[PDB]
Structure formats: structure tokens, C-alpha cells
Amino acid sequence: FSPXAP
Amino acid sequence: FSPXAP
Amino acid sequence: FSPXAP
Amino acid sequence: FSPXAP
Amino acid sequence: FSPXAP
Amino acid sequence: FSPXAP
Amino acid sequence: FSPXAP
Amino acid sequence: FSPXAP
Amino acid sequence: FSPXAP
Amino acid sequence: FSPXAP
Amino acid sequence: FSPXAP
Amino acid sequence: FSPXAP
Amino acid sequence: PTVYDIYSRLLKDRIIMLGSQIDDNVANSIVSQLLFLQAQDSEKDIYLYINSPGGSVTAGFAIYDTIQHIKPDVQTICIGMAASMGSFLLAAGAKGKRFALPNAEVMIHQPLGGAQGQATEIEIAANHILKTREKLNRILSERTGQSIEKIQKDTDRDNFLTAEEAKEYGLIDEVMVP
Amino acid sequence: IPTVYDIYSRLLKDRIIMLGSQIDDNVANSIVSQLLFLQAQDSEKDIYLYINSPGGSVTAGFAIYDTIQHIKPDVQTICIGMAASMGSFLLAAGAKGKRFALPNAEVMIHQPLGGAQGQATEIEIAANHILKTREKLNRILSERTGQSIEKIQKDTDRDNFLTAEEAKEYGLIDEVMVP
Amino acid sequence: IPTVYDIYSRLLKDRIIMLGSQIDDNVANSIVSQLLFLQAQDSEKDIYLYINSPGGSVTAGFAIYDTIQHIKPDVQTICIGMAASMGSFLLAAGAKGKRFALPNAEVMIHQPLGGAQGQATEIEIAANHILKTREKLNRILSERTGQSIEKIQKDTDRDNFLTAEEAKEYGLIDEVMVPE
Amino acid sequence: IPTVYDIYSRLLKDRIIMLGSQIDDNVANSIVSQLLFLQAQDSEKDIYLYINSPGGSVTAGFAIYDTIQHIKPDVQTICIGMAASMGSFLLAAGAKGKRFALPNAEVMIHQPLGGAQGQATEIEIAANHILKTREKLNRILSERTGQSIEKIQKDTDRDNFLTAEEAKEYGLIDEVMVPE
Amino acid sequence: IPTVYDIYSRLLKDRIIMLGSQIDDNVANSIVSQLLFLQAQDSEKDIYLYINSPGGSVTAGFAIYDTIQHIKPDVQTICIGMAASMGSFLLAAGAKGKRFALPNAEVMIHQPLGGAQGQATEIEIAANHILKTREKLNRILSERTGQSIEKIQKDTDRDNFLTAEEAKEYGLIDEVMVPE
Amino acid sequence: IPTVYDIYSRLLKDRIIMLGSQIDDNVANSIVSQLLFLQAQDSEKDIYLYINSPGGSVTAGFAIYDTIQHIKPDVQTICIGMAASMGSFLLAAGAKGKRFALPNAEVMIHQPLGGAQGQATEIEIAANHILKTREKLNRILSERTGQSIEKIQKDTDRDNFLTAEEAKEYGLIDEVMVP
Amino acid sequence: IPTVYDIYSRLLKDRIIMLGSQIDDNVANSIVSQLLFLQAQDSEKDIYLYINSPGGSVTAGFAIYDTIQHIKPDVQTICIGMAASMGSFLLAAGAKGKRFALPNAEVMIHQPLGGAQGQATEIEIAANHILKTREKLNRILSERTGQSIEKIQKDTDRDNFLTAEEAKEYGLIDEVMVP
Amino acid sequence: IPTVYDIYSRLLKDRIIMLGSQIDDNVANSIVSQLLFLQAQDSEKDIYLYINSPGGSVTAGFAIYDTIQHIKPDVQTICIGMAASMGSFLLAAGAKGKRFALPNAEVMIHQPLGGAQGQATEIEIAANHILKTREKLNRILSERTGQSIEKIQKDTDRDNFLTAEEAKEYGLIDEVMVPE
Amino acid sequence: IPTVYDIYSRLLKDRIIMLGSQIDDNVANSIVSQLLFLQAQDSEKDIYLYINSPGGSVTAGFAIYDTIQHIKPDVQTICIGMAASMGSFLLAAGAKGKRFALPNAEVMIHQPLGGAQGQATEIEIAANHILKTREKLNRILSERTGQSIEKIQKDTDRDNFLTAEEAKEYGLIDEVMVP
Amino acid sequence: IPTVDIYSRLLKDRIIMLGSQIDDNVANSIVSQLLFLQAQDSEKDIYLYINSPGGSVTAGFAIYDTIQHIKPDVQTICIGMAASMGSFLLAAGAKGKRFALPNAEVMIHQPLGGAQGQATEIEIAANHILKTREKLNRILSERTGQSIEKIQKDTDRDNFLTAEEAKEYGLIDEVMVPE
Amino acid sequence: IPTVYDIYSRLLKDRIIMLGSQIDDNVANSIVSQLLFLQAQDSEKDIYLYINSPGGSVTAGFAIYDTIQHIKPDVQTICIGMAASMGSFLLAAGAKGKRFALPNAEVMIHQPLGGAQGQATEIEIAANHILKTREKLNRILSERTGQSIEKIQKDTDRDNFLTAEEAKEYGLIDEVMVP
């Protein structure tokens, strides 16, 4: 899940 | 059940 | 059952 | 349960 | 069963 | 259990 | 068992 | 399933 | 199974 | 099993 | 877990 | 198991 | 409960209760009761009260044949449910003396069975159950006044009748009205 | 059951019948027999049906129902504890003016339960039959409670728990017995 | 079962014995005992054996059979409902002229059933025994029905369902009881 | 159960009823019947309900409860051993001044137990019903013990074991029976 | 399952899909995927669906059915062994002129099977649904075989076993594949 | 089981004892007790032991056997249906001249059956015990039938089914009761 | 159970009560009832409680215990065979001077047994309750045997089997009945 | 599963994800992972979620739902065969304009299912939770279909089976994929 | 199952197919697929079907049977161990002149097995179907063995065990493979 | 599980999946993954995705302690459900980097367990589970900023939080919203 | 099974086949296939069949037996551990002069086992078949060992355990392999 995780 | 049985 | 048994 | 049954 | 037992 | 029940 | 119970 | 999925 | 399937 | 199968 | 194992 | 099998 | 258990007390008034699944034990008991009642009095009516889902065909035929054999009239009264062989027995009561209570349920259908094994064994079992069905249907025809063809069609699957419907069909003579 | 006769047989001598279990065919046959026996002993005197039952078989319940309506004596109904499903139907079936419940008794109404397995056609037959059974129950309950069939249909769609007071307001009973 | 004294005991006072279940040792011991008891009460009067049974143990059935043949009174047999396997054997074993069935009763004849597991030799013993049992059954049935042993062998090879009328034609019973 | 009459029937002649098991419908029907029978024999003399029960069905317990309150005679309650859940509710339901426990008896109070499976809507109905049952129990217990409904709610939230002395302090009983 | 690439994967390279088991969701997802994959490899060339199946889930079968009708290439159907229930429905769903069975293959047609337990209303819903599913099956079979809906209704009422030749006469297939 | 007294009790009044089931300790205790009771009522009149049994426990059978030999009255044995294993041993144990079977009755003789689980030493003990039990049975059967122990050993090695006539030829019974 | 009335009913006429099984609620209700019945027949004469029991429910045992202490007659206790757990607690509860065991009888003392499943808080409640039950048992046993609470706590920590002589030394009984 | 790579892995290379079973945590974790992996390979190209599922765990379905809404690519949904309960919820969750079903596919909507056992208070908690879950489902379905929350509440009260065409009319899908 | 390729895959490269288990749908699908695959690799060369099977599903067997008759290559059949029921039917279905069994192999022929449960009408349908299946099997066996249909009917009525030599005399195979 | 396997591909991007019940195998795997990632790069963030109903407390603490021990920040992301120990681990992520998706469900409650046996054994088990709860509550207090007393009260029974509520509580820092 | 190839595949490269389990159809199909494969690789070099088996299916064993006799290479047999029933039959089936056992290996011979259930006629067929199977086994064993059929019949009547040395004296093997 980016941004930000990744 | 009378009448009639019995 | 009569006659005949009994 | 009387009265009244019985 | 007679005779003979009994 | 008497007295008192019964 | 007597004596003594009963 | 194309078109269109894919 | 050919002919014809395949 | 040859001969003959195969 | 370093330091120190490893 | 040799000799002789194999 | 006891008054003499309730069923034995009713048996003294010539009432027989068919209140369960029909298996061999039930049929032996009912047969025996029928014969016993005839021996006590060959002229007075007997009353068979029916609340049964049916069961064994041969067991039911033991009851059926005993009913037809004895001299007293056997009245039948459906209370609750008469299904399968139970409805067959309901219909087997003395003509003019087959009753059901207004909310009682009557169901008719074809006989059930099973068969496992060689082709030949299956054939035997099939022949036997087909012959059993024809026999049931023929008797029902005679007792209801419907044609064999109509009985065959109407028993092909589960067929639920109201008491009034059972009367219209000829399975009973009267709906007992309170 | 202790002995005084066992307790239920002793109560039967006073014309009290106990419907105190799940309603199956054996229970119905017993209650039917008891009702007829009591009528034969005395056709004028009241009979008392005490009810503590979660319900059970609809056809078994109808055997009891029809027997109650057939006989000459009035059958009083008294709910002690619980009258659910067919039990509540039977509670409501007592002679008008003589249907009671105890204050903390629980009354529950709902639709009939069943099953069906097999071919589409078989399922259809089973569905038709259970729907017709429900119509029959609802129609009778309508007459006995004074509620419309539509209201009974709606109110029995799911489990509906009534207090004794509520059961009286509904027309399932006539009085809440007060100490 | 209702009381009049349970219903079966009341019928036993009229010399009626009920064979109304699968035949095992308990059933055979009870029926044997009843037969002997009735003979001791009266050696001349008929006994009535009512049959509604799918059969069962052959040795148990033979206890009943041999007891019937041993005692002086005639034992009438009446098939109500079903007489299958050993039950039909017993139906056929009633006094000649006094074997009956009700019209819709079902009579079934077939070969004896069994089982054997173990060594070849054990299986051989079991096979020999069950074959000898079959020959014994067939021989007796031949004598009692008037059919040849060969015809019995063929007709019992598989399950063979007879109507009451058919059972009479075969010689397993003498009369179909017909209602008036 | 030994005989003198079986022992419980003999005690019933002295107007003692035993509530000595899990409370289900059969137990409730029997106790109700006994209560009514005793009232019919004598409407003025006290009845004695001995309690050794883990509880059970709430509706069954209420059949007993309502019957106790309906009849004219006082029903004394005596906890011997254990009165838990509905058993303790029934202990508390005896005639005021005549609720007892033996010194080592255990009394337990807690909230009602049940279950629900199915659609959201069905679970909601079941939840509402069990909550209403709890309010009814708590309200009655409040009246019988003199404690507030709020205190009963808190004290029944989990299993709460009371000694006989504690049960007396709480208002569930009037006296701890002491040995002479 | 031997290796040449397992045997089924090797056949899939020649555009042969094997429906050789009961039809459940896993089987349908696999066959759907295979159909789509083959269309992506070549949208013009025939696909061959070999059927030896007793049927199974109707919704799973319809996933396969709808996928067959959706894709551009013709899907030949070949019944080897047995095509019963949904299997026969799928057999009939092949491209017109390219539905086959081997001479000793068995084709069976019948009504859909199911169940329902619960409230009257729930049973009603289940009954309506299974009846609607049957009408949909029958209507499609009508279109695919040329028989009237009424004839399909009557002929599927109970288990109806057809020979390959009979299935051809009925319009479920176009040809019986004969050996050269 | 019908009532005339139940049927078996009525027969016991005529000194008939029924051995009609598998032989376990309950059956043996009952038959032993019956034998002793009959001897106490009359020490000279014959007792009649009717046998329809597949056998069972050897020690239970020996309780019966020893009781038969101990008491003064002759115990007639009558095989109806089947006497197998210990049942046939008991059939053979009746008073000499008064052992019967009905014509279609079946008699079976074989070696004793058992089991052993555990250490080699435990298995050895169990084996020795069952072999000693077999020698004891064979010796007694030898004396009662007039056949040699060697012949009994060979003939009991596997299941050996005898007709009533064959059982008589063997010396297991004295007469076939003919109708 | 043979008949003379059945053997236990005959013994109850001599004021002997048999505690001969695992202790559950049915057993406790029966023994309680018997104790009260005997007191009503005669408040002065001794009652005799014969004990051959592995124990069982603590609350059931306390129903018996409290009934024993409540009634006027002395209740003698006699251990035949085994008195374990609550059985030994009840053995010790007999009237002072009238607690006996036969020479080969076995007496066992230990801590109470239980279980708890659920949330931390529920386990805590169950633990507190069973610990309080143990303190109550230990305190009573202390009073009845003359042993300190500390000694009882230590000696009941695990299963502790006593001979009849040992049980007497401990103060669980007063005498070993010698033949 | 045949090999071309297994068939599902081959489809994943074309950005097709198969939701072809009951929805539990393993299935949700796999689909979530697939969605994220596809977004990392290309954040602009569409993803295709093929659905043939009876539903299952609501939390597992919400993991899938939230992942779909989080990522940048549009997720097309295609119902083949059946989309029931959470499956139909996920069908409806596809990118607006790109939710499809095949003509004979079955779509079913109903209320969430569960259970609760224990104390009154525990049952209350479980009831509150499942009611809140239902409101959350209904609210989302409202937004996705354009139907009112009240209409969704009524229409999900019992099992409600929709044809593909009906599902389109309802707003659960945008188009019925029609064969050429 | 050892590796050389697993052993069966290695044999499949030499056009050997193993029918070595009960015949159900999975086995039939595999054998059908193998047959078709081999025909696609070479339409002229012989295929070898090795049979050690108790039989199984008739429809599954017919899938195999029809595939054998459909393809161009001759399918030799070789019974090693056992060919019973459908296995023997398939043994007999090999190319004329190329059906073999090893000397100690067992061949068994019998009628088809099945089941039917339900209404009279349902049982009738099931009976008709299994009777028609049997006629079809018998007819084919007649053509392949040269025996009359009446003789096949009689000889398959019950389990009929043939030696390899007997199977050859019967016409189920052409040659017994000699070492 | 399809092949790109998908979890190994995600592990290359420093994503660890906690997607099942927490038992010892799951904990050992996650611990190992955490340590492996730290060894590959001690400065880059790690991402722990959570969809778990919880499970073993000791297994969860292995994960917890490993997270706190390593140098990289471990982000936590609740997708779907984080219950019991799963929610404890969600809360254990690096401060500022604990997330949940909008429709994710978070549940907190007290630990569950069981104990069977002697009073003393139950006491030990009760003490241990109470101490485990104190440890969990204390840590949750530090991680969320709520008092220990508030945590105690709010975990007494099952407490379901929305993602937004979990943020308000301090179990996470942000609800991830879609663009 | 460790890796060197798995160990059995490595041994198969040296023409060693392991018969190390109960003999069922899967085992027989595998051994048959291995035998044929080895003959195809080299028709002159010896094959080595190592046997540690309790036996099993007779028809499966005969598939192996006939395959051994059919192929050109000599098949040596070596009993390690146990060769019972069909295992010992196969041990005896090795090439004359090349049947061995290790010194502490156990060889057991006995008659075939089976079952039959059903009609008298069915039991007869099953009995005839198992007797014919026994005659076939005995005849072959006669030829392979040099013992008469009558001696084989007697010696296989019950379980007969032979030492390796005894098996050699009997003619089941040619040599005891000494260390």
C-alpha cells in the first residue's frame, strides 16, 4: 500500500 | 369420538 | 382367524 | 390452579 | 419332549 | 429439618 | 457389624 | 473475456 | 478422436 | 513382454 | 539478534 | 550383497 | 398415564390405536387386538384410530387382511395424519364408517424400496415392488371408486389431501364435524 | 414422578391433563386418549389442559386441537412456564374465556419449520404443503385471537416472544392468572 | 403392547403362538417352550402358529421345526403379512391340510445365507456345511410341497416372491383364507 | 432409591418436595404438580421445598416460581448442598421469613446463559429476548432480596459464589440453619 | 497420471479440454480458464471438450456453458463413457453439427436436485429458485435440441437414460462417432 | 417372553432347565443354581437340560459340568437346534443312556479359542494354559464318548459338524428322538 | 440386588444407610432423605452410615455432612473397603467415638479437583472459589481430626493413602473394628 | 490444474485474478497480495477479477474490498457462475462501468450470518457487532449500486436470487456480457 | 514408484499403457487420453494395454472400450495377474490375434452390479437400465469370443473364474504367453 | 497460492504477511523474516501486514520482542481484521507508522485459557493468566497512551473498534484512505 | 528415503529391485514394470530381487512370478528380514542356484487366506476358487523346491516358520549368505 507502506 | 366411533 | 385357526 | 382451573 | 424327557 | 421445616 | 454398629 | 476484460 | 475432433 | 507385446 | 547472537 | 547379488 | 394404562382402557371399549410408524411389532399387536376383540364380541363395531406416517407394506397388509377377515365392522378414524400405508388403512375401514377429523392430513403415494447387487437381483426386486404397487392401486380403486389410471397418476408423487378432499376422493365417507 | 397412583394419574382423576413436553405423535395420542376418556366419564364438566411445551409436530398438534374442539366439555388452557409454536397454538385453542397464563410465563409464536430434499418437483410439493399448513394455522389463529390473517402472517414471520400480558392483549389468552 | 395379561399371553391361552419377528435363538427357545407347554396342557387339540417373519437362523428354525414334528397335536400355520426364508420353511411345516395364508400375505423362498473368512481349509469347511444345510432344507421342502428336489433347487436359487395363491399352487400352503 | 412407598413419596406425605437435580421441563412439571396436589390436600399447612440444584431452564424455573406464588400455603425453601442460577432464584422465592440454608451450603448467582445462530436479525431477536429475561429475573430478585436492581445487575455479571451467611446478608435467605 | 508435460496438459496443447469428473466450482474454474486461454492462443480454431461426467453443480455448469457461448471459436463436444445431468446439458451445448458421442456412451437427462431446511418462507424461496433454474435449463435444452419445452419437461421428470443413437434422435448430439 | 409364571419358570416346575444362549458366567450361575434347587426339591427324579447353544466360556461350562456330575439326580440332555463347542461338551455330559438330539439338530466339536497379548513369557503362559485346557476337555470327552483321546484330538482340530445321527455314532448322544 | 423387600430397604429398617457409590446429587438427596426419615421415626436411636465410596461432588457431600450434623441422633460411620476424598471426609464426620473402619479398609485424603475455562477473570473466579472450598474442607477436617490446619494442608497436597490403623492415628476414625 | 506455468499463474500474467472459492483468510491474503503485486508491475493497466464464489468471511472480504479501492488501477469484476453474499458484494465493488456478469450467472444477496453463545451480556455484544457489520455492508452496497440503504435492508432480509439482467437493473453490475 | 521419468512414463514412450487398478472415471480418462496421445504420435504402430485390474465402473470401461475401437492402431491386451469384470471385458476387446495372458493369470466374468433406491417407478428405471447394460455387454462379448449370447448369459450369471488356458478356449484371449 | 510464490516476492520488498492464527510456526517464521530483513538492510523500513484473529500469547510476544529488538522501523498495516494478539501486534508498530484500512476491524479483549486438576494447579494457572493480562495491559497502555485502568475496563469483554475508533484509541496512527 | 537420485532409483541402476512391503496391485505393477525395463536395457545381465515382505495378494504375486519366468535374465532372490506367504513363494521363484537368504532372515509358508459372504452357491464358488488357487500355489512350489505336493499341503496347513538354514534344506533357497 504505497505511499507509504511501501 | 362418540357419536359414533363410539 | 376362526373358523378354523381357531 | 383453583379457582378456577380447577 | 415326553416320552421320555419328560 | 424440624424445627421448623418441618 | 454388631456390636456396635449395630 | 476480451473485449474487454481483457 | 480425429477426424474430426480433432 | 517382447516378443511380441512388444 | 545481533549483537551478539549473532 | 556382492559377491554375488551383485 | 394410568386410570390400567390409557390404551388398555380404550381397548376395553373396542378402540385400537394405530399411533406410530407401521413395522412388524405394531402390525402383530394390532392383528392380535383385532382377533381378540372379535373373540370377545363378533357383532360389535371396532374403532381403529389412526395417526401414522405409514411404514412397512407387508406389515400394513397383515392389518388390512385381518380387518377384512373378521366379522365386526372396523371403523377408521384419522386423527392428525394418515400417510402411505396409514392412508391405505384409513381407506380400508367399513364402508360408511371411515372418518377424519377436520384438520387431519391424508397423504397418498407410491411404495418405496431399494435393491443392491447383480442385474438379476435388481430385476427381481423391481418386479416385486411393481407388483406390490399394482396390488395397492387396485385395492384403492375398489375402495374409493376411482379408476386404476387415476390412482396411478395421483400416487405418482406425494399427494397431500385435506379431510374434505379425502372425502371427495372416496378415501373416507365423512369429515367429523365438531 | 413421585407416587401419592403417579402424580400425573392423580391429576387426571381431577380432569387435569399435562402437556409438558415436546409434541410428537406419542404425546398427541396420549392427550387425545385422555381427552376422550374424560368426556366419557363426564360430558358436562370442564377439563384442564396445563401447558409447558416448546411445541413440536404440527400434525400431532392438530390431533389434539381437533379432539379439543370435538368433545362437549370445555377445555381450559393454562400456560405455566412456556408455550411455544404449536404449544401456543394449543394454548389459544382453549374454550373462549378460559385460556390463562401465569404472570411470568413465556408465549412464543412463529412460522412452521420443515425440510425438503430431492428433485425440483419434490421440493415444490413439499413447499406447497408447508405453505398450505401455514395458511391453515394462521386462519385458525385468526379466528381464535380476533387478529387478521395478515397480522398473524407478519407477526409469525420470525420468532416472536410475548409476555403473559402481551399474549392477553393479542387474544391468545383471556386472563393472566394473578396470585 | 396393551393388556387385557399382555395380548400375546392371552392368545397363548387359546393355543395361539406368535412368530412375529426375526428368528434367533431366543425366539426359537420361546416358541419351543410354548409348543411343549401346550402339548402338556392338551395333547389332542390343535395349536396355531401365526407367522409374520423375515426368517433368520436356520438352526433356530430347525429347533422349531423339529419340535413341531415331535409333538402329538397338529400345528396349524397361518401366514399373516410375510413369511420369508426360514419363516416360509416353517409355514410349509404345518400339519398337512392346515397351512394357510391371508390373501395379501407375501411368501418368499431362497437359498440359505452365510459367511466364512480365514484359511482355504476353513472356507472349505464352511462351504461344505452350508451346502449340506441347503440339501437338508430342500429335501424337506420337497416332501412337504410335493415338488421335486431339482425344482426346489432351481426355484430357490434366487429370491422368489410368491403370492398367497402362488404359495398354494406350489404346495407351501393348503388354502388361502378368503374373507366372506 | 430405597423403600420404607419410595423415600420421596414418603416425604411428600409430610409436604416435603425435593428439587434435587438440574431444572428442566420434566422436573418443573413434577414440582408444579406436587405443589398443586399439596394445596388441594390442605390449603393452610406449610409446604417445604428442599433445594440441591445447579439450576437449568429459566422458563421451567418460572413455572415453579409462579406456582409457588399462586398457591395459598407458604412454601419454605431450604438450600442443602447447592443452589445455583435458577436454584438460587427459587431459594429466594420462598415465603419471607422461611428461606433457609444449611451452614456449608453454596449459593451462586449469575446472569442467564443461551445461544443464537443464524441471520443478523435472528441474533438480534435472541439477544433482545435473553436481555428481557435478565431484566425480569433481576427485578424479581430485587424485590425478594431488598437490594437495588443496579446492585443485582453488577453482582450477577459473573459467577458470584455466596456462603450461607453471605446469602443471608444479601437477602437471598432469612436464616442459616444451625445445628443444636 | 503419466508424463510425456502431464497427459492432460499435452492434450491441452492440441486444444482438447477434458471434463472427466463431477462438476464442482474447481472443475468449472479450470475449464473456464482453459477455454479462455485457448481463445487467446487462437480465436478461429476449434476446441474439443471431451465429456465423461455424472454432472454436479448447476451454477458451475453454467459458468462453463456461458464461457462456451461467449468465445468465438467453435467448441466441439464429445461424450465418451457418460454424460449425465449437467454433463449432458454441456454435451448439448457444443457447436451445432459438432456434438458427438461414442457408440456405447450413456447420456442421461433429468431434473435438477437440491434441498432446503428451515422456515416455510425459506423453503418457499428455495423452491422458487430451483423451479426457475429448471425452467432456464429446459428452455435452453429446447433451443439446443429442437424439442418443445413441454416435451423436455415431461422427458426430464425422472431419470431418462439414452443411448448415443437415441441422444442423436433427440437432438442432444449430431452424430454417433463410428469406428473406421 | 410369554406368561402362562413366565414360560421358563413353568418349565422349571417340571424339572426342565433351558440352556438356550451363549454360555457366559451369568448363564452358568443360573443353571448351577437351578440344578441345585431341583436336587433340593427331589434328589431322585430326573432333571432335563434342553440345549440350544453355540457354546462360550470354558470355565462357565465347567461350572455346569461339575454341578451336573455332583448332584444325585440323573440329568438328561436334549439338543434342540444346535450344540456347538461347550454346548456339545455339555450335551455329552448327560446321564449315560439319556442324551438325545432331535433329528435336524446340529452338533459341532472343535478346539478351544483364546488370545494372548504381551511379553514372550506371557504368551508362553497363555499357550500352556490353553493347551492344558484342551487336554482336559479331550480327556473328559474321551470318557463320555468312548473314543480315544487321539481320535478326539484329530477330530476337533478344526470345526467338525455332525448330524444328530452322526453324533450318536460318535458317542456324543445315545439316541436320536424320532417323531 | 437380591430380596429377603430388597436388601438395602431391609437394612434401612435397622437404621443402616449405605453410601456405596460415587457421590453425586442423586446419592446425596437419597442419603439426606434417609437421614431425615430415620430421625422422624426415632430421634434418640443411633443411625449407621456404611461407607464404600471413592468420593465425588463436594457440594453433594456437604449436603450429607450438614444433614448429619443437624439431626439429633448420633450417626456412626463405618468404612468397609474404601473411603476416598469426600468419602473420607464423611467418614470423619461421624459422631465422636463412633467412627470405625474394618482392618483392611483403605482411606484416602487429597485436595479438591476441578476445572476452569474462559477469560482470565473467569479463571480467577473459579480459582478463588475452589481455594475457598479447600480452606473450608481443611478447617472442618482439622476440627474433626484434632490435626492442625497446617498439617492437613500439607498432608492433602497430593493423594495420601492411609491404612485403617493410620486413619485412627490421624483422627479420621476412633477405632479399627477387630474381628 | 493443467500446465501451459499452471493455468492460474498464466492468467495472472495477463492481470487476471481468480476468486473461485469460498472466501476465507487464505483466499483474501492471496487476492490482496496479487492485487498489490499487479499494481507494482503497472499502476495504470486494468486488473480483472473473475468471480465464482458463494461468499464467506466478511472481514476477509473487506480485506479484498479495501485493497481494491486503495490501488490505482481499475479492477474490473466479472461474475461467471455464482456470486453470493460477500461474492456479490465484491462483484459490486469493481470499477464503475466495468462490472459484468455472464448471462446465466447467478447473483445472490442476503444478510450476514453468525452465532453467539454464552452470557446475556456476551450475546448482546455479538448481536451489536453483527448489526453494525450489516449496516456497514448495506451502506457500501448503497453507494455502489445507487439503491437506498432502506431498500438494501429490505431486499437482503432473506436470500434474494438475481438473474444477471436483474443484477444489472439493481446496480450490482453495469453490463450483462452477451455472446456474439 | 522408482525413476529411470517415472517407470510408467518410461513405458508409455514404448507405447505401453498400464491398467493396474480399479476402473473409475479418473482411470478411464487417463487411459483414454493415453490411447489418443499414442495414436497422434503414430497411427500405424501397435499399442500395448497391460491389465491387472478387478474391474469397476461399466461406463468408465466403455469409455476405454470405445476409444480402443475408434483409433487406428491395434491395441494388444495382456493380462498379468488378474482381469475381472470390466477388466476381462477389456482384455477381450484387444485386437483379434493379439490378446494374451500370462500362464498363472486369473480371468473372471460376471454380470454387472448396481443399486436403486426410491419409488417403485425409480426402481423400475434403474432395473431397465442395468438390464440393458447387461445385454450390451453380453452381445459384445459374444462377438468377441465367438460364443452364443445364451451361453455368455449363463456363464456370467455368477462369478466365473477362468484360467489363462480356459480363457483361451473360451475365446476371451488368443494365446497364453509361454516363458 | 499462485507464482509470480507471491509471498516470497513480497518479502523481497520487505513485506511480511501475518495472515493467519498466531501459533508457534507462524511466530517462528515471522521472527526469522524480521531478522533476515534486518541483516539485509538495518536502516530500511519493514512492513507487517496483519489479517489475523490472534492466537497464542507467547507466540505473539516472540514477534513483539523481535520487532522491538531490531533497528528498522516495522510499520503495521491492518487489512481485514486484527483481533486479540493481532491487535496487540498492530499497536506494536513503529510510532507514526501504524495503519488500518477503512473497513478493517480491530478487536481487543482479555486473554483466554484453561486449567484442570487440583486446587493448587488451578491456582498456578490463574496466577499465570492474570500476570499475562497485566503484562499485556501495561504494554498496551504505553503504546496507546491510555491508562492501565481504562485498558482493563475496555478489554473486560470483546470490544470491536472501527479503524477510526482504533485511531482515536491510540492503537493506530492513521486510517489509510484511498485516492 | 535419502538422496545420493533417491536410494531405490540408484539401486535400480544396478539392477536391484526392492520388494520391501506388503504385496498389493501397486507394488506388483511397479515390480513388473521394473523387471521389463531392466530386460529391455540388457537381456543377459542378472537382476536382483531383494525381499523383505509379509506377502499379500496372490494375484499380485503371480503377476510378479509370471514376469520373472517370462524374461530372459536370471532373477536372483535375496531374503533380508522376512519372506512370508507370497513373499516366500517369490523368494522360491528366483533362478535356480541364485536364491539366498541372510542368516537371521525369517521365512514363513502357509495356506492362502480369504473370505466369502452370501448365498450358499456364492460361498461354494468362492471356496472352489480359493481351493484351486491353493492347488496352483502348491504345484508351483513343488516344482521350485523339489518337495511333493502332498508334503507342501501338510506343511502349509498352518503357519510354518523356517530359519534360513531350514529354508535351504526345504529347497525354498539355495544358500544362506554367510558374512
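The basis for the numbers below is simple: all heavy atoms, side chains too, and nothing from hydrogens, waters or symmetry mates. Every chain is numbered from 1 and lettered A, B, ... according to where its sequence line falls, protein lines coming before strand lines.
Here the CD atom belonging to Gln147(P) is positioned 9.0 Å from the CG atom belonging to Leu141(P), to the nearest 0.5 angstrom. Interatomic distance, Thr145(N) OG1 to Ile140(N) CD1, rounded to the nearest 0.5 Å: 11.5 Å. Taken to the nearest 0.5 Å, the CD1 atom of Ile64(S) stands 5.0 Å off from the CD1 atom of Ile23(S). Rounding to the nearest 0.5 Å gives a distance of 4.5 Å between CG of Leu36(N) and CZ of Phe1(B). Between the OG atom in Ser33(P) and the CG atom in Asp6(N) there is a gap of 9.5 Å [rounded to 0.5 Å]. Between atom OH of residue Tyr48(P) and atom CG of residue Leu11(P) there is a gap of 12.0 Å, rounded to the nearest 0.5 Å.
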Could you go through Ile79(M) and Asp66(N), starting from their C-alpha distance and side-chain angles, then the distance that decides it, and tell me whether this counts as side chain to side chain contact (heavy atoms under 4.5 Å, CB included)? CA-CA 8 Å; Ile79(M) 69 178; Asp66(N) 278 345; over 6 Å; no
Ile109(P) and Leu172(P): side chain to side chain contact (heavy atoms under 4.5 Å, CB included), yes or no, with the steps? CA-CA 10 Å; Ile109(P) 57 176; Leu172(P) 294 160; 4.3 Å; yes
Kindly determine whether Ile17(P) and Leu12(P) satisfy side chain to side chain contact (heavy atoms under 4.5 Å, CB included), including the steps that lead there. CA-CA 6 Å; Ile17(P) 298 172; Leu12(P) 181 64; 4.1 Å; yes
Can you check side chain to side chain contact (heavy atoms under 4.5 Å, CB included) on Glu106(N) and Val58(P), steps first, answer last? CA-CA 10 Å; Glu106(N) 160 169 300; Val58(P) 173; over 6 Å; no
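A heavy-atom distance below 4.5 Å is found between the side chains of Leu91(P) and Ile173(P). Using a 4.5 Å heavy-atom cutoff, the side chains of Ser57(P) and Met86(P) are not in contact. Under the 4.5 Å side-chain criterion, counting only non-hydrogen atoms from C-beta, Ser85(P) is in contact with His110(P). Proximity of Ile78(P) to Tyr50(P): side-chain heavy atoms (C-beta onward) are separated by under 4.5 Å at one or more points. Side-chain contact between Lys132(P) and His129(P): absent, with no pair of heavy atoms (C-beta onward) separated by less than 4.5 Å.
Aromatic ring pairs are classed by plane angle as parallel below 30°, tilted from 30° to 60° and perpendicular above 60°; the pair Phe62(N) and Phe89(N) is perpendicular.
Here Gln41(P) pairs with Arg15(P), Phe37(P), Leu38(P) under the side-chain contact (heavy atoms from CB on, under 4.5 Å) rule; sequence neighbours left out.
Scanning both residues, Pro103(P) and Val176(P), for their nearest heavy atoms gives CA-CG1, 3.9 Å. Of all heavy-atom pairs spanning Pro112(P) and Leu137(P), the tightest one is CG-CD1, 4.0 Å. The two residues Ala101(N) and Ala164(N) come nearest to each other via the heavy atoms CB-CB, 4.1 Å. Contact between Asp42(N) and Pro73(N) at its shortest, heavy atoms only, is O-CG, 3.9 Å.
Defined by atom type and a distance below 3.5 Å, a donor-acceptor pair is missing between the side-chain atoms of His70(S) and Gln39(S).
Listed for the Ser53(P) side chain is a donor-acceptor partner under 3.5 Å among the backbone atoms of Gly55(P). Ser88(P) contributes no side-chain N or O that, together with a main-chain N or O of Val107(P), makes up a donor-acceptor pair within less than 3.5 Å. Here the side chain of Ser9(P) pairs no donor or acceptor atom with the backbone of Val4(N) at under 3.5 angstrom.
Among the candidates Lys168(P), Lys98(P), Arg99(P), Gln76(P), the single residue satisfying the side-chain hydrogen bond (donor to acceptor under 3.5 Å, both in side chains) test with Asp174(P) is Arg99(P).
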Name the atoms and distances for all side-chain donor-acceptor pairs under 3.5 Å in residues 25-32 of chain N, with sequence neighbours left out.
from	atom 1	to	atom 2	distance (Å)
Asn29(N)	OD1	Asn51(M)	ND2	3.1
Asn29(N)	ND2	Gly19(M)	O	2.9
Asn29(N)	ND2	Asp25(N)	O	3.1
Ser30(N)	OG	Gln34(N)	NE2	3.0

